[PDB]
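Chains as they are written, first to last, in the entry's author numbering: chain AS, 1 to 25; chain Z, 11 to 137; chain AT, 2 to 92; chain AY, 9 to 105; chain Q, 20 to 233; chain AW, 52 to 204; chain f, 2 to 82; chain e, 2 to 98.
Taking it in order: structure first as structure tokens, then the write-up.
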RNA sequence: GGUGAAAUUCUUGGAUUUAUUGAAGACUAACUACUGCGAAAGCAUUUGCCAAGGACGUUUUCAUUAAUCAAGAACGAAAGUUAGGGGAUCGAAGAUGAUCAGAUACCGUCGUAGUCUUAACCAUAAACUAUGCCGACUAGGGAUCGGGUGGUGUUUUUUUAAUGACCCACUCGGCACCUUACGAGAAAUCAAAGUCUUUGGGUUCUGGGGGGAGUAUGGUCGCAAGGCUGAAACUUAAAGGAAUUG
């Protein structure tokens, strides 16, 4: 797949992981 | 040394408008659109509609009192196209044939001195 | 030393009322308790005794000003408009 | 424009800064010229002008406040009016009036 | 079913004295019916028409002049200068690559009520025997010309109403001063007056209008 | 107290007797104690003066404008607010004006109104912050605070 | 090109070149002695202006400054000294 | 330790200039790229020139021209307008005809 | 209206349509170019004020003051965010009518955020000549922007004076270009990517097969969105760059 959309795919999952980790803290 | 008029040919893509008027402007006589004569409605800007209606204009125009007519020429302009439509030439020749004398002509398109965003999107119209 | 990092004058409210509100207030409280310069005596002696009223400490003139500043933006432009609009009638 | 003149004047001939001193100078006859600030008050202005018309001293109105009139004359304090007693190296008498 | 085209009463509008001939406008509006008399209805309207039609000289096809009505005298009325333009195509002919365009204006006053804007224009020619294709202006000389031209625009008006103005306009003797003043500053070419229009209209004033018969 | 716009105590000489009769406008922004205040028909268009609405141009900012001739203040009398005269209707001497809501109005040219904005603009820019401040604001107005919600009772 | 002498070139192919890119660097600025209109005595002046010079005794304008060489006003004779 | 990757190829311009939308299809485009043509034609066609001249009041008449500058988006230029595509050598040449 | 064609749509509770005015924002057309400035990002209407800067001129002065630069710092498109204003066109979302097997996509008709501006933030971009900066030296050729020099040159007034504008020759500093390759290069191409196996003029920064990954974690800046700094296990024989046919 394309790089521009890959970037977005990363980003969305990163700010999911931000909530997932910050549920504990 | 005879009576005059003015035509003002607004010929666009997908419609043609040529409505002769009095020398002042407000006193109109016969509107005649592109879609009046023919009833196909994809041929709104076609030659045969514009030549048909151009005689019809002169019919109602002779019925009051018009001999000569100036022929100012216009387009949609502004943001859009700013280039004359298909049926303008169809009109011009047709009205020049059907009875009337022909006065002076010039361009009167609404040409902007740059203005507003054009309709379509940045990446543009595509198919 | 330099006593606090960011609150400044709004640290009197302390922990409360929400950050965005505190900052929002601070934005004004600086201007409210600013010593402004007089238009007449030309010293840094103008304060306010109630919002709207702006006093000169020496000189002792009192100018009608804004809520939290002496010359609020809208006022500043109004005078200029009037200043300009007087030059069509007279000269 | 005018600052350039006063910079030269303030370090060659001689001058005076204040109000009382200016009045004194004006009384005696030494006053060649006065520079009144724009901000300085109307009563004081008119007063100075009245002396000026009697001593026949040429009157100049500065385009700037008292802070500015200090800035011009190379002084780190305000000065509502500056009266001149001797135009030394410069020639500020006939350049303006 | 109505037939409202023919019931309108016929009419004609004539030009002012300061041109050459009066016979121009032949129009219709409406009959003087119950409410809305056509005498006062048509006053606001104007006619844009070529100068060659009312000058008796076919060389001036460009410049279509605008004329507004005020008085009515038995369906054979007199009219007074409203505005002017050049023809759109003429400007586009004037506008070329490999040269510089210079446009300017000023809100000059006449002797009376009439206050207006007048838009001047100039271009830069391939002077005499240039080898280079363009001959561009300097660009301090563009603004320095704009100043001289502006001055000319100013001092040539504050004169006797539209009477002197229109007179100057018809053969454009304004151009000569613009030419010989600018000649030393920059070669130049064309030099016309694009537009003139009334920011401040007249107030009625029948004395100026009706004292212009043949 | 109970009006964020500060007041302006002005003193004229009565024409018809030797005395100083005092009036009290809502102070327009940029006035100072011992500024002169010119009033009436041929007053200057300087901030503080009270001219009839025919005498001003259009685009003009006034405040405290009367609804009709000689009612002594009516519109734009709040802290910060102001009207904008946006054209004459010189026949049957009215003038068309821009009220601080947005909505328009047609009123006599003989209705006076005072030049400029009103002081204390940007009063409501600050948050009231703590209930106490609100209480303090309201106890100099009336007893419409605090307000219990109907859905509770 | 290829083989030539740069020590002794020609005045033709050197006076054309820039002041800095000659063999020995030298200015293109002679000194001129102007005889003014008023007085009979001379005024020794540098060919390039910088400032607007007036006469020695009877103070009137001699030569105005430009982008390069001095603009000597009116009919006034001069020398190369 | 440390290890990764890539990048690519080239062409020339100037700095930045504002765009002018496509006269046909409303795509945005600068003026170094541009692709422009001068539409310079009479109002009348070759067929219309006689029919008019015959019906013309005024001797000599006029017959002006509709002038306008048309800007394309490269995509649309190849769709119709004179641009097409040239060889390895011919794409260096700048002469029109 | 609107397209490839249809529809949505609005229509004598006069629609689209010409002429006379007004209101609001909008953007500086055409001229506008292998044209101009800025450190870049980026900047085109007039006029004024405020400082600033290049080149040029210079028998002016200063006298190695300098070249680049980890840290640290100003600016930094567009889109975003914060609270006001402004809120016309165009228009993420959205609603829609078509299209099609499906269409929440392309085509249409509207339309909230935005586009504009005030004060704050934000720091990324194919921020592109994906070509560090300073210095020197090497091939020709014209054309052009900005000074400068000279010529009994031409042109323009008041024949003539002065400038300007031209023409010619020349020289400095640029935006660049045309022709060769003298050289360089894997080629494409390059007057610099040259003067480098006959390998060293000064200096900063970055890369060491592809992925995993510009991810994880930890710091740090940010209101947030994100930004800077930045691995590992594990996996794999090619990824790739130019050209060559087909």
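All residues carry an ideal CB built from backbone N, CA and C; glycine is no exception.
- Shortest Cα-Cα distance from residue 59 of chain AT to any of AT:43, AT:28, AT:73, AT:15 involves AT:43.
- From the beta-carbon of residue 59 of chain AW, the residues of chain AT found nearer than 7 Å are 65.
- With 16 or more other Cβ atoms from the protein chains shown falling within 10 Å of its own Cβ, residue 113 of chain AW counts as buried.
- Note on geometry: alpha-carbon atoms of residue 16 of chain AT and residue 26 of chain AT lie some 14 Å from one another.
- At a C-beta separation below 8 Å, residue 90 of chain AT has these neighbours in chain AW: 96, 108.
- Under DSSP, residue 103 of chain AW takes part in a beta bridge, and its partners are AW:163.
- Taking a beta-carbon distance threshold of 8 Å, residue 63 of chain e counts as an interface residue toward chain Q.
- Of Q:46, Q:132, Q:51, the smallest CA-CA separation from residue 227 of chain Q is found for Q:132.
- Around the CB of residue 100 of chain AY, 16 or more other CB atoms lie within 10 Å, so the residue is classed as buried.
- The residue among AW:86, AW:197, AW:95, AW:55 with its C-alpha nearest the C-alpha of residue 77 of chain AW is AW:55.
- Here the stretch 56-74 of chain AW makes no contact with the stretch 144-162 of chain AW; the two share fewer than three CB pairs at distances below 8 Å.
- The way I'd put it, the stretch 62-71 of chain Q doesn't touch the stretch 179-187 of chain Q; fewer than three beta-carbon pairs between them come closer than 8 Å.
- Judged by DSSP in its simplified three-state form, residue 42 of chain Q adopts strand.
- Here residue 74 of chain AW is bridged, per DSSP, to AW:61.
- The Cβ atoms of residue 83 of chain Z and residue 96 of chain Z do not sit closer than 8 Å to each other.
- Excluding the 5 residues flanking it on each side, residue 24 of chain AY has same chain C-beta neighbours closer than 8 Å at 30, 33, 90, 91, 92, 93, in chain order.
- Proximity of residue 32 of chain e to chain Z, defined by a Cβ-Cβ separation below 8 Å, is not satisfied.
- For secondary structure counted as the alpha helix (DSSP H) over 4 or more consecutive residues, the stretch 130-193 of chain AW holds these complete runs in sequence order: 182-189.
- In summary, residue 68 of chain f is exposed, with fewer than 16 beta-carbon neighbours lying within 10 Å of its beta-carbon over all protein chains present.
- At least one CB of chain Q lies nearer than 8 Å to the CB of residue 66 of chain e.
- Residue 22 of chain Z places its beta carbon 8 Å or farther from that of residue 119 of chain Z.
- Counting of Cβ neighbours within 10 angstroms places residue 98 of chain Q among the buried residues, the total reaching 16 or more.
- Within chain Z, not a single residue places a beta-carbon under 8 Å from that of residue 83 of chain e; the smallest gap is close to 17 Å.
- Put simply, the CB of residue 45 of chain AT is far from chain AW, with every gap to its CB atoms at 8 Å or more.
- Among the CB atoms of chain Z, none fall inside 8 Å of the CB of residue 98 of chain Q.
- Cβ proximity to chain Q below 8 Å picks out 34, 35, 36, 37, 39 from the stretch 34-48 of chain Z.
- Distances from the CA of residue 33 of chain e to each of e:19, e:90, e:51, e:46 were compared; the closest alpha carbon is that of e:19.
- A contact between stretches requires three or more CB pairs, one per stretch, nearer than 8 Å, and the stretch 67-77 of chain AT meets this requirement with the stretch 165-178 of chain AW.
- With respect to chain e, the C-beta atom of residue 130 of chain Q has no partner C-beta closer than 8 Å.
- For the stretch 72-87 of chain AT, the beta-carbon criterion of a distance under 8 Å to any beta-carbon of chain AW is satisfied by 72, 73, 75, 76, 79, 80, 82, 83, 86, 87.
- Here residue 73 of chain AY has 45, 46, 47 as same chain residues with Cβ atoms under 7 Å from its own Cβ, once five neighbours each way along the sequence are excluded.
- Within chain e, the C-beta atoms nearer than 8 Å to that of residue 132 of chain Z come from 28, 29, in chain order.
- In the same chain as residue 73 of chain Q, and ignoring 5 residues on each side of it, the C-beta atoms closer than 7 Å to its own belong to 34, 38, 39, 40, 43, in chain order.
- The beta carbons of residue 197 of chain Q and residue 168 of chain Q sit closer together than 8 Å.
- Under a criterion of Cβ atoms nearer than 7 Å, the residues of chain Z adjacent to residue 49 of chain e are, in order, 99, 102, 103.
- For residue 32 of chain f, the pairing in a beta bridge is given by DSSP as f:47.
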